[PDB]
2 protein chains.
Amino acid sequence: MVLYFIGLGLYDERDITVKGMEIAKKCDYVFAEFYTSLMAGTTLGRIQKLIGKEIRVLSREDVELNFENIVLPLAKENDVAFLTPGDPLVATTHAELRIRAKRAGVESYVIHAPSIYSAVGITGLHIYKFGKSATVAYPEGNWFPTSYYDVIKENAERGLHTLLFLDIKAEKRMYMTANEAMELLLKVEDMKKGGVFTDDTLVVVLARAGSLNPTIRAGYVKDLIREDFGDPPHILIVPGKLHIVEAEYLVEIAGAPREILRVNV
Amino acid sequence: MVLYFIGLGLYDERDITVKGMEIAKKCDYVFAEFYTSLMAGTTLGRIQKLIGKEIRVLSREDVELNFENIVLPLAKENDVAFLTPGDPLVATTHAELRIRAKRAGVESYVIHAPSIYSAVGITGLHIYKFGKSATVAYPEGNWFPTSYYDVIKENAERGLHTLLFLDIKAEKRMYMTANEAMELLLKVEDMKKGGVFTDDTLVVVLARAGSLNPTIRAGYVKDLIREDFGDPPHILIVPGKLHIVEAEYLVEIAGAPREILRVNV
Ligand SMILES: Nc1ncnc2c1ncn2[C@@H]1O[C@H](CSCC[C@H](N)C(=O)O)[C@@H](O)[C@H]1O
């Protein structure tokens, strides 16, 4: 009669918390979703071996349309686990799955795990200075979305950092790179002429957060746009005016040019 | 030859990530600090038992003034770990310690852990809608901090949620409750009179995130200001304009007034 929402963390099968691992191990049934994101540093087989359980993967449709027909029935008389990359309920639509559980007379509990929202602290940027967050989406057909650009403008206008999630095609395992995102942003700048993102804009790139060897780079677009940040996933950040302490960390830890100590502080 | 910053998580010792546990288990020396936050569900003994190592707890002074004299010296000839609650680089100034490690010729790595910054997702509020964050600090003598009031104001004008970290005096064992935070906010409201925080302001309280049964409550200040949310730590949130799905969750899961379902578009 219990449903556990368990986060898998940032990168590999060891990014789950001990609490999450032990509880998933005691569950009769274990489901997981990999449509909101992926666990780039591991595989389903590796996650299965860690918790010692068979894992049934669920598609977006399985969850959004039939969660109550696939997961909740079993959770009525057994202990069930629902695994998701990152931290549970940070997805966006998953929170309402708890309401579904309620309607079904099922108890649900949340087992947290690291999320990129907090992991970006490794960039040396103060977490309290982050403003509204956004996602850079791939244009397609006649659709050219640009709202993420206005988000940067509004944040930077208030001296706030902007965390930009990059588009991902989970099912096809396709990731948008920090490079492509910068190209897209420059293209949007050229159309809106707001002076929000140019070759001179200072940006931070965080790749493979959760890994023991993530790529943390900071510098001006003109210099990073064609740099190789390694394998995905990549996270792009457009900082607001920096506190000297933030800048010194980007210089010392992220290889930022000394120039930022006088231009972006 | 290495220093590891390892987060212990939100509430108890099992909130550490498996990665963090495995690494800690093999370190020669393990240091820790328990002043940046409160882990209400465990003890030093249990953490020690989990990683099978003796842990030396440091004070804020030990860290801020003598980190390079107490910890770094040992990291030059051994594998050393530094443990902190939640995520080590979120709402703390520990990032700067990585610069000290560098200047001492010590390589450092960061192992993330569940953080309150992302755990707020359990309140049902969209995490991308959060704006600048702030801290509600205890007034000291004639000094009465009020900047957090302005943060709320700014976010609300943009319709963004505001995450308010609550103060903590570890050595004095003082942990600010959401009730005290609200009292302080009302006082600041009387002084500035900006109509930012009143008895009619909707608020969300999250207490002891990470435990299996955290306290999740939403409602008008007038009704929550005298409510018992249980033992600390507590965190206060002032939502901006709500999306219908956020309202439904607050009502269904956090016992908020049904009237908030009638949003003003
Ligand atoms: N489990 C928990 N539940 C509610 N609030 C919490 C919490 N853990 C931390 N906080 C909040 O955050 C403050 C400490 S700020 C340090 C936060 C830490 N690095 C992290 O990543 O979580 C506390 O005073 C409290 O207001």
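Header entry for method reads X-ray crystallography, 2.4 Å.
For all residues, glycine too, the Cβ spot is worked out from N, Cα and C.
Positions annotated as S-adenosyl-L-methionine binding site by Swiss-Prot: A:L10, A:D87, A:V90, A:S115, A:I116, A:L166, A:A209, A:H234.
Mapped onto this structure are the features recorded in Swiss-Prot.
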| residue | record | DSSP (3 states) |
| --- | --- | --- |
| A:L10 | S-adenosyl-L-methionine binding site | coil |
| A:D87 | S-adenosyl-L-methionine binding site | coil |
| A:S115 | S-adenosyl-L-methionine binding site | coil |
| A:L166 | S-adenosyl-L-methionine binding site | strand |
| A:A209 | S-adenosyl-L-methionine binding site | strand |
| A:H234 | S-adenosyl-L-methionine binding site | strand |
Maximal Cα-Cα distance (Å) across residues annotated as binding S-adenosyl-L-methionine, namely A:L10, A:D87, A:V90, A:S115, A:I116, A:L166, A:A209, A:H234: 18
State which of the following binding-site residues has the fewest other Cβ atoms within 10 Å around its Cβ: A:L10, A:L166, A:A209. A:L166
Comparing the binding-site residues A:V90, A:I116, which residue's C-beta has the most other C-beta atoms within 10 angstroms in this structure? A:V90
Chain B proximity: which binding-site residues among A:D87, A:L166, A:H234 have CB distances under 8 Å? Answer 'none' if there are none. A:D87
Per 10 Å Cβ neighbour count, which of the binding-site residues A:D87, A:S115, A:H234 ranks highest? A:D87
